[PDB]
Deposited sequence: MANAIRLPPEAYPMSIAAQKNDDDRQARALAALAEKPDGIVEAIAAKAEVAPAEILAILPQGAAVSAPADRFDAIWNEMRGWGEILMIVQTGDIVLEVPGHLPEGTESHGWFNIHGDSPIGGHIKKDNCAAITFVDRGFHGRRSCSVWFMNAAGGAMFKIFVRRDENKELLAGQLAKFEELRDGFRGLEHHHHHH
């Protein structure tokens, strides 16, 4: 909106430069924080690796994932990474918050009105394919992430993976 200055644009150009350069380690998105916000590193991944749906699809996507079986819920801050396996429960909504409680260890409150985008990330993570759904906030960071689980043989669960790909493809 506001006019840009030569230095500001230059600062931007250099920022993107560091972004691309930092991606050198092709296979953690947050770690690649040499420069800017996670959503900026996501927009720089190979085409198809980061497919976003509009925030208004929040309820449809959540309902969809509730049928995926046991997934892995992950919330991360600079002090902790909490990983909780479980089925996604039904949620009720009031004043911008999506209150989730059901027969699952995954419970609490999601500030749904803070969601700016929902990005399906399908990329190599340290040698292996990783599939997850990132609910992004207005600041370009992940509010939380839902990961597709792996089986005994360490491979992405077939049935769940198919549903992820199916949903993700629809937004591509």
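In sequence order, the deposited residues that have no C-alpha coordinates form the ranges 1 to 10, 38 to 41, 187 to 195.
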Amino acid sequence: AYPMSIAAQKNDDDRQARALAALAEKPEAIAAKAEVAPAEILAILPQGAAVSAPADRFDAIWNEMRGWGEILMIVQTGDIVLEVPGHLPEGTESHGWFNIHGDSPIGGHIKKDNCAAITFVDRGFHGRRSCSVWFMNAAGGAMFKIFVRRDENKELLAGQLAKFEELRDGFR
From here on, numbers count along this sequence of modelled residues.
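When 35 to 43 is weighed against 100 to 108, 35 to 43 comes out higher, by mean CA B-factor as recorded in the entry. The residue among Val51, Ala29, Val133, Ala117 whose C-alpha atom has the highest B-factor in the PDB entry is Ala29.
The PDB entry assigns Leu23 a C-alpha temperature factor belonging to the highest third of its chain's modelled residues. Residue-level temperature factors show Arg15 in the highest third of its chain, judged at the C-alpha atom. Among the modelled residues of its chain, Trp68 has a C-alpha B-factor that falls in the middle third according to the deposited record. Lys154: CA B factor lies in the highest third for its chain, per the PDB record.
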